[PDB]
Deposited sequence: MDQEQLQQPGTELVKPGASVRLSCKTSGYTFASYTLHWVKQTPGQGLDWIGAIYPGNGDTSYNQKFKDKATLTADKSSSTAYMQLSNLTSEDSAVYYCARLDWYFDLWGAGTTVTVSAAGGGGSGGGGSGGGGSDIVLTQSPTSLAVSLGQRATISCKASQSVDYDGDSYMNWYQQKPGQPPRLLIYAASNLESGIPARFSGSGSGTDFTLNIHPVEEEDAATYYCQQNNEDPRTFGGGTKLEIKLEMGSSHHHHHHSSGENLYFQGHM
């Protein structure tokens, strides 16, 4: 099976560098772009950059151009990201992933803990947390600052991250269920306004939900909505 394997944690000092690894297996490493993504509680997910392992070509989010360096080692099928000049602002989980919906695949993420005791499209999710009782409906809005449509298709996806699990694709192009996603999920919307619906909610559905656009570079994500079960 296709896997992207990342170390669990790195505990590091301010001002150091750290090298994160993403060991791939189960597919031809050289032939598919890999992306790196930063997650924090308050900013949700942030696209760092991408590398094509076949030739080593990279693209970076302007905001991470000085912070991140992406490389690839074809001999070990491993991609690497170095974070330089670490500060408290770099404490976060970092994932490697294939982000195009049709190739969706995520690593489990490396927690980097920086420890010293002493015109982009914006996506807004609403609500940012909610508790719903078993059997009831959850409805989550994602609104974009500009249109994410092209040729009648919406370049927006929803991701789910269940507790302790990697993120996964839930719905692609606004309204299509990814393979293996249960029918209780549905997605609607176009243009700037999108909605995820889940009904009837089950215990397995407790997770954080993120929307994402990939109409324009850089790809951007909403800040996340955490859904819990409201215990009766």
What ranges of the deposited sequence, counted from 1, have no C-alpha atoms in this structure? 1-2, 121-133, 248-269
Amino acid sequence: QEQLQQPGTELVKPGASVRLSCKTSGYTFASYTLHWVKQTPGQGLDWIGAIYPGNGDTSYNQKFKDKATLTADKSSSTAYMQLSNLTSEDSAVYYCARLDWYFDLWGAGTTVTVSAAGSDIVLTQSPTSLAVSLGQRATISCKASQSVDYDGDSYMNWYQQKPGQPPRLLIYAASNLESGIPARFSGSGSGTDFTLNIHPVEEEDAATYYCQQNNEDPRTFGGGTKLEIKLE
From here on, numbers count along this sequence of modelled residues.
For the higher mean C-alpha B factor in the entry, choose 150-158 or 103-111. 150-158
Comparing 92-100 with 129-137, which has the greater mean CA B-factor as deposited? 129-137
CA B-factor placement of residue 190, once the chain's modelled residues are sorted into thirds: highest
Based on the deposited C-alpha B factors for this chain, I'd like to know if residue 183 is in the lowest, middle or highest third. highest
Third of chain Cα B-factors occupied by residue 5: middle
Pull the Cα B-factor of residue 219 out of the PDB entry and bin it into the chain's lowest, middle or highest third. lowest
Just say lowest, middle or highest third for the CA B-factor of residue 43 relative to the other modelled residues in its chain. highest
